[PDB]
Amino acid sequence: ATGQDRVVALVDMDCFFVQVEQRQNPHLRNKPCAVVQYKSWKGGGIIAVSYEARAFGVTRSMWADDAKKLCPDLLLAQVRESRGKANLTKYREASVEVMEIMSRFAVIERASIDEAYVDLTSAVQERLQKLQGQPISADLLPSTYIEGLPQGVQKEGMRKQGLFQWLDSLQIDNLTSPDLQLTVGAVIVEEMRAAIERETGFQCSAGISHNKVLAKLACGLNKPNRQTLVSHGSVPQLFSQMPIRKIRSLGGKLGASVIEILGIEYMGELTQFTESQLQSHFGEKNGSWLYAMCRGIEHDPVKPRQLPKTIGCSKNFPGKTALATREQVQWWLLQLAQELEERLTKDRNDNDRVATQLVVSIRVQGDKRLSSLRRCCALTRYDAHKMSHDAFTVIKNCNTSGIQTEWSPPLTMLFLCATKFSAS
DNA sequence: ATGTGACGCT
DNA sequence: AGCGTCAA
Ligand SMILES: Nc1ccn([C@H]2C[C@H](O)[C@@H](COP(=O)(O)NP(=O)(O)OP(=O)(O)O)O2)c(=O)n1
Ligand SMILES: [Mg+2]
Ligand SMILES: [Mg+2]
């Protein structure tokens, strides 16, 4: 088995929140700019960065006051603020624009606000019958890189030389060749990305490969505004110098333990181990997954899911602002519950469903985890005052303070999340 | 003082 | 039911 059964693509919008703001404000287009929230602390936290500003070293999470030191001409757009909280509605609506266009071409898995996987296997088979026998011109792939090629002057000349080498060697007479399927898959993704750009103004990158991990990896190789085809044959050289942390799901603790326990650095080095060895170090599931993945084989399906399964609303209360009175907790719970109710009502009207569970999460001062405590209760009425009261009820006994109107230990985060959706 | 979601393990 | 991991 070689894991060449499917054609899968990952589409990822380039500097997404920036593009949404640059579409709306033409003065920001083609400029070093960033999107920021909460202007009053250090000029605001940076959440997205145009590629022009990245060349100066501006990054996500950087304070805008500090970004200005690296990039004095940097232009800023502020996220909307509602009820004292950053409001991301504009970017969720822009995401829907993009997801609905992609859904015209194939069934998508919404992976994040600006990324979706697509299983192109069926669309590829149909295109191979309609474009039966006729070769694939390089003009059908104007923004495609073939990873690993050319082999054997300027950036665009390199791109085309590699594409020419790829197409020159392609067996068009065999409608079952996996390389031909990826290539036809890339033709469709070109058409998909053109449609996104035409109908929204947004540019994106894409990876085309045989599974989600390779498609995700391929996508980043030539970002922005380009797509990359990673074939099965390209995997050994690509993985031979690919740090383990770059493969999706190996960027955290498991990936660090793969490095530390096995004494390796690159994905290809995993091939030296038996499946049983990897299962012994990392578990039956992780071990089996690593054994196949380091050969470029992965079976996680593109799930047919265009809608989030949870709808959540959180606010941080760092340092000195940590909530320390019962009246503060109740007022902020109400603020979050009101935004959640607005989102839930739109969701019920748009998507014919209703959340039936409310999860309440709090972080206490000094805890390095995102969530110190999670409790749930029934979500029976999209009513902000009821949701906030119920949320307070399930967490009120976390209060350690002997004084009633006080709250201790102070709360550095509140989080309300509606979940367990059923048809409505 | 950075500020959403999806899924695994128990 | 509640916590931990991983990624946008
Ligand atoms: N930790 C993070 C990562 C991203 N985001 C937002 C801002 C991003 O523009 C948007 C898409 O995330 P992203 O793809 O990781 N980065 P972005 O699209 O801005 O730049 P690219 O590198 O994809 O071109 O999610 C966030 O709010 N918090
Ligand atoms: Mg992106
Ligand atoms: Mg993304």
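The figures here come from the full heavy-atom set of this structure, side chains too, leaving out hydrogens, waters and symmetry mates. First listed ligand is number 1; within each ligand, the first listed atom is number 1. In what follows, every chain begins at residue 1, and chains take the letters A, B, ... in the order their sequences are listed.
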Inset, instruction - For ligand 1, find out whether one of its N or O atoms is nearer than 3.5 Å to an N or O atom of A:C15. - result: yes
Legend entry - Heteroatom distance test (A:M13, ligand 1): nitrogen or oxygen, under 3.5 angstrom: yes
Inset, instruction - Consider every N or O of A:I47 and every N or O of ligand 1, then say whether any pair is closer than 3.5 Å. - result: no
Legend entry - Closest protein heavy atom to atom 15 (O) of ligand 1, given as residue, atom name and distance to 0.1 Å: A:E115 OE2, 4.8 Å
Legend entry - Within residues 236-267 of chain A or reaching into it, pairs that qualify as ring pair (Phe, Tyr, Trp, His ring centres under 6.0 Å) - sequence neighbours excluded: none
Inset, instruction - Please answer whether the main-chain N or O of A:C294 pairs with a side-chain N or O of A:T271 as donor and acceptor at a distance below 3.5 Å. - result: no
Inset, instruction - Could you name the option among A:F16, A:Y51, A:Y91 that has the heavy atom nearest to atom 21 (P) of ligand 1? - result: A:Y51
Legend entry - A:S209 side chain vs A:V230 backbone, donor-acceptor pair below 3.5 Å: yes
Legend entry - Donor-acceptor under 3.5 Å (A:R193 side chain, A:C204 main chain): yes
Inset, instruction - Please confirm whether the backbone N or O of A:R369 pairs with a side-chain atom of A:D367, one donor and one acceptor, at under 3.5 Å? - result: yes
Inset, instruction - Could you tell me which non-hydrogen atom of A:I113 sits nearest to which non-hydrogen atom of A:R110, and how far apart they are? - result: CA-NH2, 3.4 Å
Legend entry - N/O donor-acceptor pair under 3.5 Å between A:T310 side chain and A:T419 backbone: no
Legend entry - ligand 1 atoms in contact with A:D114 (distance to a heavy atom under 4.0 Å): 11 (C), 12 (O), 14 (O), 18 (O)
Legend entry - ligand 1-proximal atoms of A:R54, by part, heavy-atom distance under 4.0 Å: side chain
Inset, instruction - Report the nearest protein non-hydrogen atom to atom 3 (C) of ligand 1: residue, atom name, distance rounded to 0.1 Å. - result: A:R60 NE, 3.5 Å
Inset, instruction - Measuring from the Mg ion (ligand 2), count protein N/O/S atoms under 2.8 Å, please. - result: 3
Inset, instruction - Check whether any protein heavy atom sits under 4.0 Å from atom 9 (O) of ligand 1. - result: yes
Inset, instruction - Look only at interatomic distance and state if A:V49 has a nitrogen or oxygen under 3.5 Å from any nitrogen or oxygen of ligand 1. - result: no
Legend entry - Test salt bridge (charged side-chain N to carboxylate O under 4.0 Å, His left out) applied to A:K315 and A:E339, step by step: CA-CA 11 Å; A:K315 177 140 185 79; A:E339 183 193 350; over 6 Å; no
Inset, instruction - Say whether, by atom type as modelled, one donor and one acceptor occur between the side chain of A:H232 and the main chain of A:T2 under 3.5 angstrom. - result: yes
Legend entry - Proximal atoms of ligand 1 relative to A:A48 (non-hydrogen, under 4.0 Å): 9 (O)
Inset, instruction - Please indicate, with yes or no, if any protein heavy atom is found under 4.0 Å from atom 18 (O) of ligand 1? - result: yes
Legend entry - Closest protein heavy atom to atom 6 (C) of ligand 1, given as residue, atom name and distance to 0.1 Å: A:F17 CZ, 3.7 Å
Inset, instruction - Check whether any side-chain heavy atom of A:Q4 lies under 4.5 Å from a side-chain heavy atom of A:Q181, and answer yes or no. - result: no
Inset, instruction - Give me the one residue out of A:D66, A:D65, A:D73 that meets salt bridge (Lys or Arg N to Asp or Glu O under 4.0 Å) with A:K69. - result: A:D66
Inset, instruction - Hey, can you tell me if A:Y91 and A:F17 have their rings parallel, tilted or perpendicular (30° and 60° cut-offs)? - result: parallel
